[PDB]
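Heads up: the structure comes next, in structure tokens.
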Ligand SMILES: Cc1cc(C)c(C)c(S(=O)(=O)N(CC(=O)O)c2cccc(-n3ncc(C(=O)O)c3C3CC3)c2)c1C
């Protein structure tokens with residue numbers, strides 16, 4: 001009990017510093033301490049009850065600064081603190097956590113499309129590079145299942161991708177997995193039960209409402225019910241056995257919609273709206289502040 005869905009950063013006209021937290025048990029939103037630097041295209045994660053904001057970019061009227069930053073929010077103090085920075089700026093990043101360590105995957109720095117990957121150790125406050133992906137990927141979706149890390153879709157500098165790959169930590173090695181049925185860049189990627197879900201994204205022509213899941217045992221991708229709204233650059237997380245998708249861009253509007261997927265019924269419902277429409281947020285779940 002007592003866990004909230006935290007959304008950090010995002011973009012609407014410029015990158016945003018908002019940190020807001022949604023309580024599924026009562027429908028309420030809380031506005032919390034702003035990020036120290038506005039950022040969109042970041043990712044969020046939680047280790048040890050602390051919320052981390054990783055990478056992104058400050059897209060402002062005065063220009064664009066890609067972020068190498070790692071910042072930590074403590075709900076017990078409602079305070080952000082800087083951590084050690086990554087080796088390189090990473091906008092449009094994906095992150096996953098394996099056994100208490102944060103993996104920062106891919107992303108962009110200006111016209112550079114990264115294949116590099118690095119791993120953060122919170123107890124030592126240090127980053128170190130690990131093996132790079134087989135493919136350069138920006139707008140990559142990342143999730144962890146059974147202590148294996150998956151990098152899904154994205155854009156390699158020339159094409160949006162249906163490909164995906166898995167990192168095997170004990171071998172420090174990446175291997176391709178079955179490609180998705182749909183090209184997806186800027187999708188929401190998460191884990192639920194024994195599958196990696198990829199929701200939404202941009203296929204090179206339209207923002208998508210389709211959702212597909214990779215069963216790590218059978219190596220197949222299967223479509224599930226589509227979202228009500230097409231969305232790219234959506235936030236995503238899992239909480240109490242359901243997927244939540246937050247915001248994004250539908251080709252017309254920066255959405256405030258939050259939808260929730262129930263795997264038992266294979267249906268999506270609208271559960272709340274964010275306080276303002278935005279895309280490119282980081283999202284994670286931890287205890288209330
Ligand atoms: C529409 C729009 C306009 C602006 C100015 C911004 C900042 C944004 S954003 O904040 O959410 N965003 C950060 C950024 O683009 O710098 C951002 C965040 C995550 C992923 C991506 N991503 N990666 C590759 C591709 C691709 O098209 O293949 C995309 C697009 C989402 C499909 C982008 C948005 C949407």
Filtering strands (runs of 3 or more DSSP E) wholly in the stretch 63-120 for at least 3 residues that are in contact with a strand residue (DSSP E or B) (Cβ under 8 Å, 6 or more places away or on another chain), crowded, with 17+ Cβ neighbours inside 10 Å and on the phi < 0 side of the Ramachandran plot gives 70-74, 94-98, 101-105
Residues of the stretch 122-133 being in contact with a strand residue (DSSP E or B) (Cβ under 6 Å, 6 or more places away or on another chain) and over 13 Å from residue 172 (Cβ atoms), in sequence order, are 122, 127
**Prompt:** So is residue 25 in a loop (DSSP other than H, G, I, E, B) and farther than 17 Å from residue 107 by Cβ or not?
**Reply:** yes
The condition from (1) free of Cβ contacts under 8 Å to residues at least 40 places away in the same chain; (2) surrounded by 19 or more Cβ atoms within 10 Å (Cβ to Cβ); (3) not in a loop (DSSP other than H, G, I, E, B) that residue 136 misses is numbered (3)
Tell me yes or no: at least one residue of the stretch 225-233 is in a strand (DSSP E or B), more than 24 Å from residue 12 (Cβ to Cβ), more than 15 Å from the ligand (Cβ to nearest atom) and touching a residue at least 24 places away in the same chain (Cβ under 8 Å). no
Within the stretch 121-133, the residues that are assigned to a loop (DSSP other than H, G, I, E, B) and at negative phi are 122, 123, 124, 131, 132, 133
- [ ] State yes or no: is residue 246 in contact (Cβ under 8 Å) with a residue 60 or more places away in the chain, surrounded by 17 or more Cβ atoms within 10 Å (Cβ to Cβ) and within 16 Å of the ligand (Cβ to nearest atom)?
- [x] yes
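Cβ: placed from backbone, ideal geometry, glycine included. Neighbour counts: every protein chain shown. Quick note: the coordinates plus some simple rules give every number you see, no bench work behind them.
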